[PDB]
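Accompanying notes for the structure given below.
Note that these values count all heavy atoms, side chains included, but never hydrogens, waters or copies made by symmetry. Chain A is the first sequence line, chain B the second, and so forth, proteins listed ahead of strands; every chain is numbered from 1.
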Amino acid sequence: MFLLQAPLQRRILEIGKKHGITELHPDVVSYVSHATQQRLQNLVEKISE
Amino acid sequence: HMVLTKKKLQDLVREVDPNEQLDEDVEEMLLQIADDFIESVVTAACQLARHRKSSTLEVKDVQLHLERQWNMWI
């Protein structure tokens with residue numbers, strides 16, 4: 001996984017508590033990791049351009 | 001706690017341009033951006049979920065926000 005699975009999991013779970021969320025589907029972690037990799041991938045590509 | 005490593009970041013950078021070591025400050029900035037991204041996205045998603053009258057965070061929620069506020073299609 002691009003991002004660190006354990007702390008990511010914990011941090012997502014953590015942000016949810018503050019926002020009416022009690023649980024989170026499993027692969028949501030991976031999905032967020034993928035999205036974050038895209039966010040950063042585009043910026044880097046742009047920066048190198 | 002750290003969710004992304006300097007190593008993994010650098011692999012990403014390398015993937016875009018194999019010969020290009022990024023300045024540490026830029027590395028930190030990007031690590032900071034990933035943090036804001038996770039924060040805002042997950043936060044906005046939880047809202048969508050809560051709206052579904054739900055309490056379990058699901059891809060559906062994150063995807064909906066990404067597509068709408070980031071025009072990211074994954």
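Looking at B:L57 and A:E23, their side chains never come closer than 4.5 Å, going by heavy atoms from C-beta outward. Looking at A:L4 and B:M2, their side chains come closer than 4.5 Å, going by heavy atoms from C-beta outward. Between B:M29 and A:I47, the closest side-chain pair of non-hydrogen atoms falls below 4.5 Å. B:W70 has its side chain out of reach of A:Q38: every pair of non-hydrogen atoms, C-beta onward, lies at least 4.5 Å apart. No side-chain heavy atom of B:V41 sits under 4.5 Å from any side-chain heavy atom of A:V32.
Of the atoms belonging to B:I74, heavy atoms from both backbone and side chain fall under 4.5 Å from chain A. Contact annotation for A:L43: only side-chain heavy atoms (C-beta onward) come within less than 4.5 Å of a heavy atom of chain B.
One distance of note links OG1 of B:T43 with CD1 of A:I15; it measures 5.0 Å at 0.5 Å rounding. Of the inter-residue distances, the one linking A:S48 atom OG with B:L22 atom CG reads 7.0 Å to the nearest 0.5 angstrom. Note that CG of B:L48 and NE2 of A:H19 are 12.5 Å apart. Values are rounded to the nearest 0.5 Å. Note that NZ of B:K60 and OH of A:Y31 are 10.0 Å apart. Values are rounded to the nearest 0.5 Å. Atoms OG and CZ, on B:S40 and A:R39 in that order, are 8.5 Å from each other to the nearest 0.5 Å. The distance from atom CD of A:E45 to atom CD of B:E15, rounded to the nearest 0.5 Å, is 8.0 Å.
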Worksheet entry | Trace of the side-chain contact (heavy atoms from CB on, under 4.5 Å) decision for A:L24 with B:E58 | CA-CA 6 Å; A:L24 62 82; B:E58 310 195 67; over 6 Å; no
> Can you check side-chain contact (heavy atoms from CB on, under 4.5 Å) on B:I38 and A:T36, steps first, answer last?
Replying inline: CA-CA 7 Å; B:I38 292 160; A:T36 299; 3.6 Å; yes
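Under a 3.5 Å cut-off, the side chain of B:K8 and the backbone N or O of A:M1 do form a donor-acceptor pair.
Minimum interatomic distance between A:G16 and B:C46 (heavy atoms only, all atoms of both residues): CA-SG, 3.8 Å. Scanning both residues, B:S54 and A:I21, for their nearest heavy atoms gives O-CD1, 4.5 Å.
No more than 12 heavy atoms of other residues, nucleotides or ligands sit less than 6.0 Å from atom NZ of A:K17. The environment of CD in B:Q47 is sparse: at most 12 heavy-atom neighbours from other residues, nucleotides or ligands sit within 6.0 Å.
Partner of A:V28 under the side chain to side chain contact (heavy atoms under 4.5 Å, CB included) criterion, chosen from B:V59, B:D61, B:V42: B:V59.
In terms of the side-chain hydrogen bond (donor to acceptor under 3.5 Å, both in side chains) criterion, B:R68 has no residue partners (sequence neighbours excluded). The side-chain hydrogen bond (donor to acceptor under 3.5 Å, both in side chains) check on B:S55 picks up nothing, with sequence neighbours excluded.
With respect to A:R11 and B:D35, a salt bridge is recorded, a charged nitrogen being found less than 4.0 Å from a carboxylate O.
B:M72 and B:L64 end up in different hydrophobic clusters when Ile, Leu, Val, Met, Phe, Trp and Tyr side chains are linked at under 4.5 Å.
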